[PDB]
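Just the one chain here, the form deposited in one PDB entry, laid out as structure tokens.
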């Protein structure tokens, strides 16, 4: 790794994702291969999130990727602005299809026709379905791995309820899991908030979000989304049930939808990565500890490495013994640091017979000598501390880089020196357009649930910044 983050972030990012073996490029613009190292992080997030929404009663399923042409039109599910992003299939082989067929950019138009046929009474509610799947958005915006890709993997949850109280409660439960994914799995702090009228999903009532800060850019990014849809889609698609008390009266279902993507992995990369490459938070590292031998008799050195064995596996630590004879120790050192392995355990002959080893933390660079039989306890303590270290530096960097302005003067003074700032806000769109072009430019990120301090007149303190 030779590019440096603070000077050229784009090229640093591209060289970390490649030299960590996370991403391989493809010959289609905005499409990336997720190699096992990148995919294992996604799998870990999936394991966590899946387990959580299962306690909420959500069930997994799989809906078609193709949407019929007339099911896309149906109503103002999308105002035509979102239409350029939709890829259309028009032939199989050379045979032009009777009607063109669309590639899921989201699955409302595929799912809700089915909800309307499953809901024949209030006993059929709630419906709570989730799917892990790929989606295609023909993004015009300049493409980057995991940040802005043309195909990505995600989960989209879609739930329908008899009452507003239930739907409204889920929206905030899901948003909290998203925050837990980022803050507890990925050691990235986030700001919960609600979208302004400009930035909310046109198809919903309100849109909640979690926002993250990437210092080296000075830019924020939407990490996850949870919408209350009210009855916007229920009336559109006729998901209706009989009023239990009033004969002949249909009442429309209340709906939510929520989504999280592999953009998580890029954000973790942009947040924790350093000038030596990736840095993996322990709770998602598929290798938390790598064993590397340093320095015939030698077979005793490999038996000692392989005695860390289960001694680490038996304490349920993900461990890799890199015993390959074909690479130098120094090669292994740099190879696993580029991949972001939280702890390097080096065994040298000196230490086999002094019944010691050395551990090197990927965040601090600290090298530490441990008694041979203190491996289990102290290694666990280091991996827990690395996690807390990584979340603490990212917390204290968001504290530093998120401040207040009450004037356009100091908001602008502060925006352009790499800052995101909460400002009092009209709340109206054309004002938001106006702030967008003056500072060029800043978007609205979210109206925080717990803003700075207590507050056309200002309706809300709203967090502003340049954003992906």
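Heads up, when I say rigid core I mean the largest set of C-alphas that superpose within 1.5 Å between the two forms. Positions refer to the first chain, counted from 1.
Unmodelled residues of the deposited sequence between neighbouring positions residue 295 and residue 296 number 4 to 9. When the two stretches 106-114 and 139-147 are set side by side, the higher mean Cα temperature factor goes to 139-147. Averaged over their C-alpha atoms, the temperature factors of 311-319 and 269-277 are higher for 311-319.
Taking the PDB entry at face value, the top CA B factor among 229, 240, 370, 127 belongs to 370. Listed residues 383, 287, 202, 352 were ranked by CA B-factor as deposited; 352 comes out on top.
Among all modelled residues in its chain, residue 211 ranks in the middle third by Cα B-factor. In the deposited entry, the Cα temperature factor of residue 327 places it in the middle third of its chain's modelled residues. Among all modelled residues in this chain, the alpha-carbon of residue 60 has a temperature factor (C-alpha) in the lowest third. Looking at the C-alpha B-factors along this chain, the one for residue 304 belongs to the highest third. Ranked by C-alpha B-factor against the other modelled residues of its chain, residue 445 falls in the middle third.
There is also a form deposited in another entry; it is not shown, and the following applies to it.
For the residue set 76, 367, 123, 117, core-aligned C-alpha shifts between this form and the one not shown reach 2 angstroms or more at a single site, 76.
Relative to the superposed core, residue 142 undergoes a Cα shift of 2 Å or more between this form and the one not shown.
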